[PDB]
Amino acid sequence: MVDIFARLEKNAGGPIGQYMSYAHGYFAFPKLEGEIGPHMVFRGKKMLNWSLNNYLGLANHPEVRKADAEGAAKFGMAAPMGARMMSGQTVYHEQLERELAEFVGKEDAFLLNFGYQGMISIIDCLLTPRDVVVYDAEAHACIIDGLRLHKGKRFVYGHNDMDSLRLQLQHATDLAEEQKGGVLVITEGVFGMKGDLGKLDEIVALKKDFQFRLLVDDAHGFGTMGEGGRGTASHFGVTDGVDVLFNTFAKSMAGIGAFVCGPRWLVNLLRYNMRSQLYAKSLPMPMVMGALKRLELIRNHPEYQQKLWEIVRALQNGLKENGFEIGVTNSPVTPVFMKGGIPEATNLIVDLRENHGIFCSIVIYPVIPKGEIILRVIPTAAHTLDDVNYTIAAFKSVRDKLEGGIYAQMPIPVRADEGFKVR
C-alpha cells in the first residue's frame, strides 16, 4: 500500500519540483501589472507583451470598461444566485443567447458559466456508450476530459489529416452499425498550439461519405475568423455543416463564460441535462451585461477584426522576411520555432525582458521535445506597427546570441518569486 499523499509528496513532487523552484513568478505564473493591453509592467519595468489572447482589443475598451463597471454597480457579482434551472435565470441571459445565436447563424444558444465545464457536459450529453467518437489528436484538454466521461469507443485521427480521418471514420461506421449507434467527430476551429485552422470544409465534405455529426470548438476563432469575426465555420462557409458549435468568452470576448449553439430542440435538451450547468452557479450578471456590450462592439466595429489581421500579416510576413520559422498557421497565433536547451531558452527570455522589454512565454521540454524552443507571440488589434517592428528587431538581436552560443554559456537564471516555497 502506497499512501496517496506519500506518492504525490516526494515520488511525484521531485521531478516537476525543479521547474517550480526556478520558474514560479517568471516562467510560470508571471504577474503582469496594470490595465490590460500590449503595454504592461512586469517586475518594476514597463514592457510590451504578446501573451494575451485578447484578439480584438476589447479588454480595456472604454465602452467595455463602462458596461463592466455599470453592470457590477447595478447587480453586484452575487448576480443570479444559484444554478440557472433553480434561481439564476434572467431575461438578460436570454437576450445574450438570442444575439449570440443570431450572430453565428444557428437556431439557439445556451449561455454557459464556463468553457471547460460546458464542453465536458456537451460531450457527456451527446454521447451514449453505443456511439463512437473520432477526435483530432490535438484536441483541447476539456475535450479530452469530456471524452474520458464516455464509456464507449473512441478513435483518434492524426492532426488535420483527412486520410487518417476518412480511415478512422470507416472503423467508427463499422463499429456503429454493429453496436447500433451514431458517430461524432470533434475538432477545433483554430488550434491554439501550432496556430493552424481546422479543415472544416474538407470535414463536412466527408459527410457525403460517412454520415456523421460534427462538433467544433471555435474558442480561438470567434471574433477572429469568418465574416466580421463569426468564426472558423463562417470562414469556410460551413455554418450549416457544423451541428454543435462551442465557443468561449475567454479569448476574443475578453471575459468569462461560454455558449453552445445549435437547433432549438438540442439546445433545450442541453438546458435540462447539462450537469455542469444544472449543478453549478449561473454566469454573473456583470459578465452578462459586459458580454452584451462586447457583442455589440464586434457587430458595430468590423474594423477591429481588420486591424488585428493587419497586425497579423505585418508581424508574420515581417518575421518570415528575416528567416524566422513561423509554424503552419493560418490564424493570428504566431509561434516562433527555434532550437536550444533550457539554459538557452531561459536566458533568452530574461534577455528579451530585462534588456529589450519584450514579454512572451516559451514552450520548453516538459511539453515539447528537448532542443525545441517556441516563443508564443499573440497579436491583438491593440498592437501598433511600432510594436511589431520593435519586437522583430529585438527578436533578431536575441537570435544572434542564440545561434552564436552566447546563451549556452550562461546557467539557468534564478528569477523566481522571493518567498515562494516548494514544500
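Numbering starts at 1 and runs along the sequence shown.
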| item | value |
| --- | --- |
| 270 to 278 versus 320 to 328 - greater average Cα B-factor per the deposited record | 320 to 328 |
| Selected stretch [higher average CA B-factor]: 68 to 76 or 126 to 134 | 126 to 134 |
| Top Cα B factor in the deposited entry, candidates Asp218, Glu99, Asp196, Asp163 | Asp163 |
| Residue with highest C-alpha B-factor in the PDB entry, from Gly152, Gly255, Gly229, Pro284 | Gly152 |
| Lowest, middle or highest third - CA B-factor, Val260 | lowest |
| Position of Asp243 among the chain's modelled residues by C-alpha B-factor, lowest, middle or highest third | highest |
| Chain-wide C-alpha B factor ranking for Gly88, given as lowest, middle or highest third | lowest |
| B-factor third for the C-alpha atom of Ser121 within its chain | lowest |
| Among modelled residues of the same chain, the CA temperature factor third for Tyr157 | highest |
